[PDB]
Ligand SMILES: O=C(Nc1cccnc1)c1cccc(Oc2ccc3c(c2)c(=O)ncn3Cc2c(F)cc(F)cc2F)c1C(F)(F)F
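Just the one chain here, the form solved without the ligand, laid out as structure tokens.
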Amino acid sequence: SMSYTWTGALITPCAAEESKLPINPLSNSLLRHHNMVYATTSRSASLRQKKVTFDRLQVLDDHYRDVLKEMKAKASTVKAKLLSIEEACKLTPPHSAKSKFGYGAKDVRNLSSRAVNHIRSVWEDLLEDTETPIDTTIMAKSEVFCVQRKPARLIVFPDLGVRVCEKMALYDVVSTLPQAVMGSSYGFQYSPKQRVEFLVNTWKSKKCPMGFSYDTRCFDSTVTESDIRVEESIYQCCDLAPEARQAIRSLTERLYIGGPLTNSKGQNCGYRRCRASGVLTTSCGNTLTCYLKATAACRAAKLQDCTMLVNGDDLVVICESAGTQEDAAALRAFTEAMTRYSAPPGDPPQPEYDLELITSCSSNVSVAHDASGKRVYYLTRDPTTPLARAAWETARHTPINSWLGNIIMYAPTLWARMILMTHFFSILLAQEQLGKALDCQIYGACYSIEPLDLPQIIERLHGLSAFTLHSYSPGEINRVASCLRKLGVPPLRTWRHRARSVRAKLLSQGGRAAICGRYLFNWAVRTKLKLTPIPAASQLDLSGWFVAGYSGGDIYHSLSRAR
């Protein structure tokens, strides 16, 4: 069937749309080539509609059915809990899209009678009605990139009331089931250092390793009605409260398999018969679907000792080499099996015989050295998008601060330390906002974090070595330097000068700022201060940080205040 059908009504914005990086003194201090930085808008939505609209041909076989039964037997061990209305309201982000039913995210979080009554009515409607398609809003996503222009991504989501109900029925399932089914292959259970460790250990565990990333073109559009029902069949293996079982059955048929599309103006926009990007099960379902197809495809291809690492549609495979000609043919057989499963490739996959040449979750393993000169593996990425987005966020107040999430997730990198930390600490110190909590995203879930708490967060996610790395690989240094020239970012010597300046001001303030000066900026001085384990690090409650993926699932993971 067709992934989408369209009526001709346009994908519309609900406010004015900015596409150009503003000319601002603070953002200009970071990046001078402002014309290279753009934000996607609804103006390019029709180009995306063309790309994501196609017919799906899916043919399942014995390997697919065998893997499914193996996944279902593991899913059978799960006991999932129904969330109370209050527990589900607390998982809602403070700036989540308001309901069209007279209330917003703040009313949900405060447990307002109007919010609570509506949610209860939405819940009882899911229990009673197993068929009526649930309305969704289709919007063009506003995302920042560097030129060489990508058309806007399309986001599809139901009303706030429905989103709270999804949490009640499925939050516990989507948080616990993926690891029970996929074990060590489920990427979202790993902190950055655990992911690098898993990748390095799997690579080294093979006699002669061969690895590859597999890029599925428009993954969400390739997801069929059968895939979505297969996904529910795995959910159905859980021990469930009867209402959770009914809500999952009703959500599958009324929302997950497809439904009508409405624009911001309230016009009938079209019909969806594929994955919605903005529902609770997108990350979980995409991971299960990708793992299922890839595991079955590996058996059909005759790839030897396949270890998958899956995060939604992002897939990496590390196996035992059978020889170069054999590996090349087995990879072509893997692609042919994935294509039959309705997962054709975007960029054709290529076998890799070096771990550092593989990009997975837009990241590659690199090596640096700690204070002792000992080799440390860490994950890095091309810094182009992080720097373009950090520049956008310096010029405009955004609900999500990708710069903060990038400092957290990429703390050991030369670019997060020298540029990102330097730039934002300079600005926040000058604005007396170092201790002001900001929202950022980790594996799609939102968190409220004070930049002054960064040293202890970093120590837990990466180890103390994140504050001591030096002698970065020449390939890594060159990619960073070339990106800076391309974007018109000041050279690293300027960043070292700015870091020495902010470090001195941070030390002068004492308290948490002096801790930031000591740990975050020790790289900027010859006279190194002593770096010991931070007392706050061991006390940090990082439960829920590296459990599951929640991209598009409208999940807020910071603590709720009492009432």
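Note that residue numbering begins at 1 and tracks the sequence as displayed.
Going from residue 148 to residue 149, you skip over 4 to 9 residues of the deposited sequence that the entry leaves unmodelled. The question of which stretch, 300-308 or 168-176, has the higher mean Cα B factor is settled in favour of 300-308. As the entry records it, the average C-alpha temperature factor is higher for 318-326, out of 87-95 and 318-326. Among 111, 238, 391, 162, the highest C-alpha B-factor recorded in the PDB entry belongs to 111. In the deposited entry, the Cα temperature factor of residue 386 places it in the lowest third of its chain's modelled residues.
Sort the chain's modelled residues by C-alpha temperature factor and residue 64 lands in the middle third, per the entry.
In the PDB entry, a CA B factor belonging to the highest third of its chain's modelled residues is recorded for residue 43. Among all modelled residues in this chain, the alpha-carbon of residue 549 has a temperature factor (C-alpha) in the lowest third. The entry lists a Cα temperature factor for residue 232 that places it in the lowest third of the chain's modelled residues.
Note that the form solved in complex with the ligand isn't included here; everything after this is about it.
Although the ligand is omitted here, in the deposited bound form all of 414, 485 and 491 have a heavy atom within 4.5 Å of it. Of the listed positions (229, 436, 470, 396), a single one reaches within 4.5 angstroms of the ligand by any non-hydrogen atom in the deposited bound form, namely 470.
When the ligand is considered in the deposited bound form, only one residue from 452, 91, 337, 418 comes within 4.5 Å through any heavy atom, namely 418. The closest heavy atom approach of residue 170 to the ligand in the deposited bound form falls outside 4.5 Å. Remark: residue 477 counts among the residues lining the ligand in the deposited bound form, judged by a heavy atom distance of 4.5 Å or less.
For the chain shown alone, residue 430 is not a contact residue for the ligand in the deposited bound form, no non-hydrogen atom being within 4.5 angstroms. Residue contact check for residue 523: one or more of its heavy atoms lie within 4.5 Å of the ligand in the deposited bound form. You can rule out all but one of 530-538, 60-68, 505-513, 491-499: in the deposited bound form, only 491-499 has residues with a heavy atom within 4.5 Å of the ligand.
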